[PDB]
S.K.: 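Let me give you the structure first, and then I'll get to my questions.
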Amino acid sequence: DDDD
Amino acid sequence: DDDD
Amino acid sequence: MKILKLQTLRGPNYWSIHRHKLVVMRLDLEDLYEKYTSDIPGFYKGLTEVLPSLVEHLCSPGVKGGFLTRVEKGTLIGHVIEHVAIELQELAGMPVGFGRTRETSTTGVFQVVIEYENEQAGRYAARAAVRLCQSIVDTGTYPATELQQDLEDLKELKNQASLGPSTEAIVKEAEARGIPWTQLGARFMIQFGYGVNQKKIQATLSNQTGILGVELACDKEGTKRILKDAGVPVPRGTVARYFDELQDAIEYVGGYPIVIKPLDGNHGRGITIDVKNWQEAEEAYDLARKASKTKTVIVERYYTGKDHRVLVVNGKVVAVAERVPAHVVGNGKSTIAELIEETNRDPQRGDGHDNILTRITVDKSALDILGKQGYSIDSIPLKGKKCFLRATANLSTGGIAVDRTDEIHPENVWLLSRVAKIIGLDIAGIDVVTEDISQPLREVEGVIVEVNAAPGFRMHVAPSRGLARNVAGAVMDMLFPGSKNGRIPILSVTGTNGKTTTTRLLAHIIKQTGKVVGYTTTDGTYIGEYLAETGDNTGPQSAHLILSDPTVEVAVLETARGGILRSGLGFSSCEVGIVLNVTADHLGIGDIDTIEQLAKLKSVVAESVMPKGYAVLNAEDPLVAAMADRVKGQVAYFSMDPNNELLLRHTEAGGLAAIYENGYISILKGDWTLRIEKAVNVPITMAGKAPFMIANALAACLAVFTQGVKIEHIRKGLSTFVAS
Amino acid sequence: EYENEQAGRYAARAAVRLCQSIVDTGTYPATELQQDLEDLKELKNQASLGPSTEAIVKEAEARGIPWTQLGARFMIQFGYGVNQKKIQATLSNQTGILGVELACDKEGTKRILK
Amino acid sequence: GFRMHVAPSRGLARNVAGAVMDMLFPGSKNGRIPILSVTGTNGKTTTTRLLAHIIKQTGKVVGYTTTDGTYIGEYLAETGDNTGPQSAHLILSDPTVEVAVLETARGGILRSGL
Amino acid sequence: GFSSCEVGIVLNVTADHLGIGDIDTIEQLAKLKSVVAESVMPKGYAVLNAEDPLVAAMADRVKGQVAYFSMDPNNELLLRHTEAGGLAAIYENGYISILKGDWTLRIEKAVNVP
Ligand SMILES: Nc1ncnc2c1ncn2[C@@H]1O[C@H](COP(=O)(O)OP(=O)(O)OP(O)(O)=S)[C@@H](O)[C@H]1O
Ligand SMILES: Nc1ncnc2c1ncn2[C@@H]1O[C@H](COP(=O)(O)OP(=O)(O)OP(O)(O)=S)[C@@H](O)[C@H]1O
Ligand SMILES: Nc1ncnc2c1ncn2[C@@H]1O[C@H](COP(=O)(O)OP(=O)(O)OP(O)(O)=S)[C@@H](O)[C@H]1O
Ligand SMILES: *N[C@@H](CCCNC(N)=[NH2+])C(=O)O
Ligand SMILES: *N[C@@H](CCCNC(N)=[NH2+])C(=O)O
Ligand SMILES: *N[C@@H](CCCNC(N)=[NH2+])C(=O)O
Ligand SMILES: *N[C@@H](CCCNC(N)=[NH2+])C(=O)O
Ligand SMILES: [Mg+2]
Ligand SMILES: [Mg+2]
Ligand SMILES: [Mg+2]
Ligand SMILES: [Mg+2]
């Protein structure tokens with residue numbers, strides 16, 4: 001998750 | 001969650 | 001009793017128009033083909049004792065019990081199976097009032113058509129009706145246990161394939177405004193409109209609701225920080241993860257009383273409102289930590305005042321509701337012990353997810369709260385004054401809502417709209433604690449407690465102590481601002497022999513205008529210049545691909561007889577409906593055994609044209625020209641013979657025809673002739689040697705002309721279109 | 001001049017201590033110097049955006065578009081008033097909740113695309 | 001994450017941040033709103049209020065901060081002194097403000113600048 | 001002076017100044033005043049007093065929609081009109097209200113209207  |  | 005085929009129709013169909021949802025069953029009557037009900041011993045008595053409600057059925061006699069009189073006289077069982085399926089799915093709470101039965105060309109099979117409200121429920125009712133009738137004709141009666149099992153299965157099917165109350169409200173508003181709506185297959189999402197004009201909702205979140213705003217609303221501390229940075233009066237408080245920080249947090253808020261509540265909670269999961277001492281404080285912390293999913297709690301100052309829910313749609317306050325917790329008033333000189341069940345006997349009481357006003361649930365927690373109240377079960381209220389049962393003030397437990405939309409101060413309206421814009425939500429539910437919503441939140445010590453994304457508005461459409469607010473109307477106004485539906489131009493081409501060529505020519509002509517055209521033909525489904533899908537792609541299953549594409553501005557759909565027979569049309573209405581010709585070539589497939597039946601089937605496209613649309617008909621074909629009546633919207637004729645009397649009479653009073661007069665493809669606009677091309681400069685006509693291609697070009701040119709496409713674009717598209 | 005607020009304040013506070021230690025003893029311990037440099041590096045790392053946010057903020061600065069850091073969820077606000085936009089790392093304020101949730105759902109995304 | 005596109009290591013880098021900023025601000029448009037900063041010794045508040053009224057005559061929402069308080073449109077957004085940058089941020093971050101009028105006293109400039 | 005009107009309002013028809021011209025009966029006066037109601041375009045509206053029997057009789061022979069206003073909120077004709085359709089106006093509980101079918105929209109308390 002986050003900056004995939 | 002949903003219909004708060 | 002053998003079920004040959006069970007088809008479901010979802011749009012306008014051969015059997016009916018404006019009755020989109022139908023089920024068609026091919027039923028075999030091998031051993032009981034030509035015997036009436038009177039010929040079956042005891043059939044009437046068993047049928048009328050299993051299903052007495054059949055007495056309501058108004059058959060062609062049109063009088064109460066007319067169907068029962070028909071059963072007394074004796075008729076074929078197809079009619080009674082239709083009626084029992086209708087009544088069986090109507091007893092489960094689904095009102096349906098359309099049914100038909102027809103004898104097919106084959107020796108034994110009948111066709112029974114039953115209206116349905118739910119697809120699975122309709123199919124199940126159709127399957128159960130034949131079993132019920134077979135059991136009655138075999139044993140004289142049907143077991144009551146099997147009837148109850150079937151009824152409960154129907155009710156379960158209805159409940160399973162049902163939306164939530166917000167979604168019905170929004171969908172009903174969209175239907176009232178004529179906005180097409182379909183159900184997506186991913187996450188219970190609803191798509192409104194077509195093509196580039198479409199929108200999406202899930203329950204209350206739209207496709208324009210931001211991820212950042214929703215995620216900020218779910219973060220209590222982040223929302224409080226952002227609102228405080230904007231000057232919004234949020235409650236004063238701080239977070240406390242451990243037990244040792246309870247004091248240091250309490251002195252921060254500014255004394256007593258305080259509020260203890262988890263941050264990972266919702267719907268009042270383990271929240272304590274009022275505490276005035278350290279024993280209450282520590283019990284509160286323990287209870288909230290137990291209710292907390294991450295063992296983290298928030299302390300804050302306690303603010304006196306009533307709890308209001310404010311709904312903000314598109315930056316405007318739509319509805320304001322004050323939430324009063326479960327309470328009873330003893331003005332009738334009666335105590336709580338009677339009123340608890342006196343209120344429970346109100347028909348307004350209802351559980352589940354449909355009736356908003358939930359019955360007063362007396363739990364041990366409620367017993368503890370009423371113990372803290374200072375009175376008991378038999379303590380009569382003083383002077384007939386409100387005495388409460390709890391403090392959460394939630395409709396899910398037995399509280400009430402009071403409409404306060406007309407009493408809110410304009411400054412409060414401005415502040416709440418600003419709060420909704422600051423958080424970044426198109427639809428928001430703001431919780432306010434204030435002594436008086438009619439005064440600004442600065443004079444009184446009103447505060448903004450929380451902001452909720454995807455709020456439920458079933459409390460605003462049925463306040464029970466005030467005026468209902470049209471929340472779904474406001475949502476539809478946000479989604480479709482003006483008097484605009486989500487429709488895109490739809491051109492449905494049908495006919496026996498020239499559907500694909502006309503569809504491709506129409507797409508090519510419309511491409512001359514700077515528009516993305518999604519068109520489905522026999523070769524495949526194309527969007528613009530690229531092939532979206534291979535295969536046949538002629539039924540509604542390929543029309544949905546075009547109508548759901550976010551880049552399509554104009555849809556051109558080849559509509560063959562097979563798709564209409566199998567599942568009806570893929571759309572409720574079309575802007576242009578073209579019927580090229582009707583010839584009996586492939587006859588006998590399905591129930592279509594006469595050319596009149598084929599004309600009736602192909603007329604579905606013409607009859608589905610909207611009142612502002614056009615039906616482009618072949619005046620040279622008598623069956624196609626006969627569809628001129630029973631068509632809503634204008635009729636435009638095309639004919640390869642310029643001396644067609646019907647076409648000339650139509651052009652004399654009105655106009656909008658197309659002819660092939662002197663080596664010319666011409667549009668007649670009444671008394672005016674507009675020539676497009678010499679019909680030998682059109683490549684597909686093969687230098688005018690292919691009359692079928694000329695007729696197809698006539699139909700396509702007339703169709704694009706009726707929609708306002710300029711003559712030069714039609715000319716360029718007709719000249720540059722190559723036969724392939 | 002500073003680049004990070006906390007780092008700048010820490011450097012200002014540490015400079016006077018270093019100079020006082022030098023005037024009192026003639027030298028500053030190397031262990032304390034290394035501790036201070038490690039603290040400064042930790043402060044620089046702590047008050048740092050991500051490379052995606054760094055690149056977007058650098059582009060906005062190159063275009064002369066004002067940018068501020070919101071205090072809620074590592075959100076950056078570009079512009080002023082009615083002309084403002086918001087980003088977190090790559091999500092903008094116009095990125096839809098429905099689209100993100102559908103993308104996170106593998107089976108739902110496959111069904112929709114099919 | 002576009003971290004692999006701005007430094008492919010086997011090809012040409014792509015200006016992803018530029019594309020994102022083009023999406024956020026399509027034309028050659030910054031996110032700025034007109035800012036009017038009033039400073040001086042003796043007439044800041046009166047001039048700020050007069051400017052706010054004059055711009056209010058035009059159909060625009062004016063966010064202005066003075067010594068009496070911070071106002072947005074016709075309604076008071078915050079009480080207090082509100083003449084430093086901590087109150088200018090409230091006006092400049094409000095999603096409804098189209099023109100900002102800020103009374104800039106010497107105290108705020110001395111304390112934390114503009 | 002015009003072929004059609006977007007809105008045609010008929011307030012009341014009372015037989016007071018009879019005898020002028022060929023108008024001698026209140027039926028003739030109602031027929032004369034019905035010219036405005038019958039000149040409403042099909043996309044227009046005719047605003048009629050449901051409380052006046054002669055004006056309410058103009059409901060037919062009108063092209064375009066009909067909207068009723070009544071000082072009595074219990075007017076049976078107005079309620080029947082609102083149940084199937086809507087667009088009426090009443091004075092229900094010290095309130096000037098618009099009925100859009102099943103929805104009531106209050107405008108003012110009718111004591112705040114000078
Ligand atoms: N600081 C406070 N001062 C006064 N009343 C408060 C305060 N915090 C909460 N309340 C009241 O407690 C109710 C529930 O608080 P919430 O923080 O909303 O708990 P919850 O877990 O979010 O439950 P829901 O989903 O909001 S009903 C609010 O609607 C207020 O009536
Ligand atoms: N208007 C017409 N009248 C009669 N025959 C035609 C007409 N247009 C085309 N045809 C003939 O019908 C053939 C097939 O027509 P197409 O338009 O390519 O296919 P189609 O109409 O889509 O039929 P299906 O059901 O989709 S396979 C052409 O090759 C012509 O020989
Ligand atoms: N141009 C001016 N030159 C001199 N005195 C002025 C001028 N304009 C206003 N004043 C006087 O100065 C007083 C104070 O100035 P204000 O405009 O009211 O507020 P202010 O200038 O912001 O002062 P501060 O910095 O907020 S304490 C006014 O009440 C006037 O009497
Ligand atoms: N790639 C990432 C996206 C999830 C949505 N992001 C936020 N911040 N909600 C993932 O988890 O797959
Ligand atoms: N992927 C994302 C991570 C930085 C944002 N997260 C925090 N905690 N600041 C990025 O910006 O690349
Ligand atoms: N009210 C509801 C909204 C949370 C975000 N909803 C979705 N679907 N992500 C809640 O959980 O509070
Ligand atoms: N609140 C929401 C819940 C019903 C829809 N949810 C699902 N899973 N079908 C509503 O729409 O009322
Ligand atoms: Mg909540
Ligand atoms: Mg709440
Ligand atoms: Mg074909
Ligand atoms: Mg001043």
Side-chain angles (χ1 to χ4, degrees), chain D residues 1-13 45 47-97 99-100 103-104 109, chain E residues 1-8 13-37 52 55 58-65 70-73 77 85-102 111-114:
Chain D
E1 183 187 359
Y2 73 81
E3 166 179 320
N4 181 10
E5 206 191 88
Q6 298 84 29
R9 263 173 300 185
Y10 186 89
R13 284 251 173 82
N45 290 356
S48 168
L49 321 170
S52 301
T53 316
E54 277 164 47
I56 294 164
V57 167
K58 182 175 174 66
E59 186 61 37
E61 282 175 330
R63 305 195 177 187
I65 292 162
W67 74 270
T68 193
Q69 193 153 9
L70 302 189
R73 302 167 60 78
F74 314 105
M75 301 214 274
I76 303 292
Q77 174 203 313
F78 300 110
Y80 293 143
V82 293
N83 300 322
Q84 72 179 263
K85 308 284 173 185
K86 285 176 210 167
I87 68 152
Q88 198 176 52
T90 308
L91 309 164
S92 67
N93 64 323
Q94 303 180 285
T95 304
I97 175 68
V100 169
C104 286
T109 302
Chain E
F2 51 84
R3 193 169 29 101
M4 71 190 104
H5 304 116
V6 298
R14 303 289 157 173
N15 195 12
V16 172
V20 173
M21 282 301 306
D22 290 337
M23 177 199 57
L24 287 178
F25 299 93
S28 72
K29 46 156 56 180
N30 61 7
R32 300 190 52 92
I33 58 166
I35 297 179
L36 291 88
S37 194
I55 306 166
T58 314
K60 282 182 181 170
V61 177
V62 185
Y64 63 102
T65 175
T70 298
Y71 295 77
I72 299 180
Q86 75 275 335
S87 302
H89 166 84
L90 194 145
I91 289 301
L92 292 176
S93 76
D94 191 87
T96 59
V97 167
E98 303 165 41
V99 173
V101 191
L102 320 167
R111 175 171 63 248
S112 57
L114 288 193

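Both backbone and side-chain heavy atoms feed into the values below; hydrogens, waters and symmetry mates do not. A note on names: the letters A, B, ... follow the listed sequences, proteins ahead of strands, and every chain is numbered from 1.
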S.K.: Working to the nearest 0.5 angstrom, can you tell me the gap between D/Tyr80 OH and E/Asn30 CG?
M.R.: 10.0 Å
S.K.: Can you see which heavy atom on D/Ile56 is nearest to which on E/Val20, and at what distance?
M.R.: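 For D/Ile56 versus E/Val20, the nearest heavy atoms are CD1-CG1, 4.2 Å.
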S.K.: Could you pull out the closest heavy-atom pair between E/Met21 and D/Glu59, with the gap in Å?
M.R.: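 E/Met21 and D/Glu59 have their closest heavy atoms at CG-CG, 3.7 Å.
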S.K.: Looking at E/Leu92, E/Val97, E/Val99, which makes the most heavy-atom pairs under 4.5 Å with chain D?
M.R.: E/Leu92
S.K.: Evaluate the side-chain proximity of E/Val61 to D/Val82: yes if any heavy-atom separation is below 4.5 Å, no if none is.
M.R.: no
S.K.: Quick one: pull up NZ in D/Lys85 and CE in E/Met23 and give me the separation to the nearest 0.5 Å.
M.R.: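 That separation rounds to 9.0 Å.
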S.K.: Heavy atoms only: give me the nearest E/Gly1-D/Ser52 pair and the separation to one decimal.
M.R.: CA-OG, 4.5 Å
S.K.: Ignoring hydrogens, what is the shortest heavy-atom contact between E/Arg3 and D/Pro51? Give both atom names and the distance.
M.R.: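 Minimum heavy-atom contact is CD-CG, 4.1 Å.
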S.K.: Identify which part of E/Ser93 has an atom lying under 4.5 Å from any heavy atom of chain D, answering side chain, backbone, both or neither.
M.R.: both
S.K.: Give the minimum heavy-atom separation between D/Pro66 and E/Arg32, together with the two atoms involved.
M.R.: CD-CG, 3.9 Å
S.K.: Is there a side chain to side chain contact (heavy atoms under 4.5 Å, CB included) between E/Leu24 and D/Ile65? Walk through the geometry before answering.
M.R.: CA-CA 11 Å; E/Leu24 287 178; D/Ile65 292 162; over 6 Å; no
S.K.: D/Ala55 and E/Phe2: which non-hydrogen atoms are nearest, and at how many Å?
M.R.: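 Smallest interatomic distance, heavy atoms only, reads CB-CE1, 3.9 Å.
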